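**Q** One structure coming up, written as structure tokens, with questions to follow.
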Amino acid sequence: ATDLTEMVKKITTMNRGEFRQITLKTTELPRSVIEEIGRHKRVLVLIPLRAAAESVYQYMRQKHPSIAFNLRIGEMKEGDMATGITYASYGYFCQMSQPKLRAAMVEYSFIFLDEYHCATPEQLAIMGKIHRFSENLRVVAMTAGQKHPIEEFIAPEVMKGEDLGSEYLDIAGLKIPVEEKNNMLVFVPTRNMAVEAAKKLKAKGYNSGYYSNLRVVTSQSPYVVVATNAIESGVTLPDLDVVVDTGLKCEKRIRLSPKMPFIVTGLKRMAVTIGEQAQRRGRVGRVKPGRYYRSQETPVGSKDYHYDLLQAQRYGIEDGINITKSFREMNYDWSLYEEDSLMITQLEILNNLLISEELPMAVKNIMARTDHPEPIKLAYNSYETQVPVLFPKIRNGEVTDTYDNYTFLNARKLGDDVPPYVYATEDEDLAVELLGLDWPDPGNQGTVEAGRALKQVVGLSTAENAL
């Protein structure tokens, strides 16, 4: 572009210890930069997904054969000095110790952080970690097609005690006109809602599906498909007319308290972002004019990265690095994300506890081999217990005799003996309540102290609310 040469001139004049945030081809940019600074110089481009990295690598090396390209998504390439543009995943650099990471990173003339607003745990750990030696680097953070008009509608919520005299129909809890004979996509938060509403519509005599098997439903017009946010990912919908968005989604959230377990994580129904709402609206108005029905639900500005930030903490354990502190410090300089001061503060107090002692070898092994979805839970809980507990699964609102078993845990069942967990799941907490049991209290100085520190921090916030 006429504006790409501007960005490039600005990037290429950058001095070590400088940072630039860019909004906009976020990959012809590094190409322009390397062509400007010298093809035998080294430039790194960090991509969230390994697949995305390999895909760009392939595309670029074929499109620009005179510029050297490298791909780092596998094992640590020792003594790496590859001269072209290196396309790597944030996870690739997560294998090296801080000193190794720094030694590797300073050898690059430029470091491009692509798709930073994905805020993945590997991304959040790398950004906080490299920021620790940002004085030695030149880093650029980069971030982010309707062709027909979309008729925008606000659908009212259905109340228990409904009539809709065949003029309207209840679809995902929203009042939609029956006339809407058109090709429909219904956005829903949970997996269960997508199936429950699909069977209700088929019972009403509509060609309904849920998310190939859909390909079958999709062939006959008109069609109604009730799909989760995971639906956009790949899946093609032929000549889609109308989108009905519930405005909701299901994501991992965290709750922090001075009472143990200080950390409790679990899926939660939340509002989608402006961004996610735009992606949902964006499914129509591409080939033909669209219709978008949204709930009265107001969207959130930014994604909640607190859960990923907690998961990211795993990447500083071996190095004795407080990822939460590094995130906070990086974000103060780079201003990439919105901040919840109380939450960062609490996460940081807990992070200090996490790295307060060397992790037992036994726990290190399990975390390395388990298919457990949150191995950091094991690291946090080891400050109180070394034996993982199996809490009975919760189907509906009742305690079942079903248990979730992951590899290498060597766990015991809950029974009636509640473990002194520092970190628990929403459901582990619910099972405790339903069974009429109680969570133990901090059993050591470090744990007692983290609790006091958390209490103190909450005290201010609460008072700041009061007036």
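Labeling convention for the structure tokens: chains A, B, ... as they appear, residues from 1 per chain, ligands from 1 in order of appearance.
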Quick one: residues within 9 Å of stretch 437-439 of chain A, only C-alpha atoms, excluding same-chain residues fewer than 2 positions away - as a ChimeraX atom specification?

**A** /A:259-261,416-421,429,431-435,441

**Q** Just the helix (DSSP H, G or I) stuff from stretch 148-249 of chain A, please, per backbone DSSP, written as an NGL selection string.

**A** :A and (191-203 or 213-219 or 229-231)

**Q** Just the residues within 12 Å of residue A:361, please, counting only C-alpha atoms, with nothing from its chain fewer than 6 positions along; format it as a PyMOL selection string.

**A** chain A and resi 318+367-368+379+382+386

**Q** Skip residue A:199 itself and residues of its chain fewer than 6 positions away, then list as a list in words all residues within 12 Å of it, counting only C-alpha atoms.

**A**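 Once the adjacent positions are removed, what remains is residues 171, 172, 192, 193, 205, 206, 207, 208, 209, 210, 224, 225 and 226 of chain A.
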
**Q** One decimal, in Å: what's the spacing between atom CA of residue A:86 and atom CA of residue A:1?

**A**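 Atom CA of residue A:1 lies at a distance of 23.2 Å from atom CA of residue A:86.
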
**Q** Looking at only C-alpha atoms, which of A:338, A:18, A:78, A:333 is the one that sits closest to residue A:136?

**A**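 Using only C-alpha atoms, residue A:136 sits closest to A:18.
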